[PDB]
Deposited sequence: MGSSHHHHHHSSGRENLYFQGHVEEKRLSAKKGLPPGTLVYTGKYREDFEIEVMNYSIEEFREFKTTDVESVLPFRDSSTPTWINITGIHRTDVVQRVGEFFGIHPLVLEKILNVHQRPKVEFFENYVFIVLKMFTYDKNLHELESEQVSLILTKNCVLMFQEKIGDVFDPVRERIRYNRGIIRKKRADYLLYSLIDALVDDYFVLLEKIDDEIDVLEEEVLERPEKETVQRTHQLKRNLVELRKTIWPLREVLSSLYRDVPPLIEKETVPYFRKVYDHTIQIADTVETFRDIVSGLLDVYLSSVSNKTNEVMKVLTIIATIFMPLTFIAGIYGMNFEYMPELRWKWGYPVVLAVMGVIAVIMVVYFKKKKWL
């Protein structure tokens, strides 16, 4: 077991056992204190932050009886989102994105989940995630999350993550609006660089979102220990979302793909205006400077010089 990622900063474990009447929650750095929740009779959400600790992963792995190859996949962070179904657990891999604005580049963290009897095991690389609103609802017995079991937990978390993609997409939609100005209105050096960067990002994004969709398709259209004619519709809700997201990313890809073509046309057009001026200037003040300079007959030349400046300017009434 080797951690291929780059996050070694953090380590923490954060359990949230809850039931309809009363809820528990704590943090530890002692793996052994969580393990017993494997056999809790009520939902528990064991959130392991810091998988660089390959040892902790191996321990939880063994104790929850999780195939080694699945453990390898958890610690490998260069990897398509995916679902794997086993007899006694579902294994899910997702990415969690961050758009750094201002420096126009997009960073990802991998999150694995395992659904299992009465637990959701979750493995992060690093402190920071998108699941706080789920924490709130459990904390403040809101929605119905407390009434329902562990599969609905899994749903709630995935929904939280997918909902985050919408926020991410809004940030990207904004860049596109900005750039769609620049490209035809703020014509500029950073604009091309930025246009390309944006396409690059939309590729990496599309790279992840199509698999995400595939994941939730499987959870919607298969379903083993996630209670059937029961929570599936909620999983469909999210499946539908990913579809919407996928569509939206394609929409952006198209739009963005055009921009340079716009820019190129905007620039060819400006260059053409520039040529007209240079050519009017040159096409009046070169014969004029020429006849002024054969002398090397006064208001008769100034009259001739003024008159064939006027037969030009009212000939650049036909064009310009």
query	finding
Deposited-sequence ranges lacking C-alpha coordinates, in sequence order	1-38, 335-347, 372-373
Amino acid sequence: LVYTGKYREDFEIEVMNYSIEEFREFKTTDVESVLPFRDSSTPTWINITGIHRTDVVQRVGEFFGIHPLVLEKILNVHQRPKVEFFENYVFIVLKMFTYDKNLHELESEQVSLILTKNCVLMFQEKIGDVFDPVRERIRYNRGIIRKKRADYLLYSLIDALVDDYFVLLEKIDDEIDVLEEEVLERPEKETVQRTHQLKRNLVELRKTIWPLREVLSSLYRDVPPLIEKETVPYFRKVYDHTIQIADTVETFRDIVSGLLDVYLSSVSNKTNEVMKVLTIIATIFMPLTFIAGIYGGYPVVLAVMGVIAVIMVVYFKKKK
From here on, numbers count along this sequence of modelled residues.
item: 203-211 set against 73-81, stretch whose average Cα temperature factor tops the other in the entry; value: 73-81
item: Between 286-294 and 273-281 (mean CA B-factor, as deposited), the higher; value: 286-294
item: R194, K171, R236, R142, ranked by C-alpha B-factor: the highest one; value: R142
item: Options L260, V267, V34, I255 - largest CA temperature factor per the record; value: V34
item: Chain third (lowest, middle, highest) by recorded CA B-factor, residue given as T251; value: lowest
item: Chain-wide C-alpha B factor ranking for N102, given as lowest, middle or highest third; value: highest
item: Ranked against its chain, the third holding the CA B-factor of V223; value: highest
item: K189, C-alpha B-factor rank within chain (lowest, middle or highest third); value: highest
item: Relative C-alpha B-factor of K117, binned into the chain's lowest, middle or highest third; value: highest
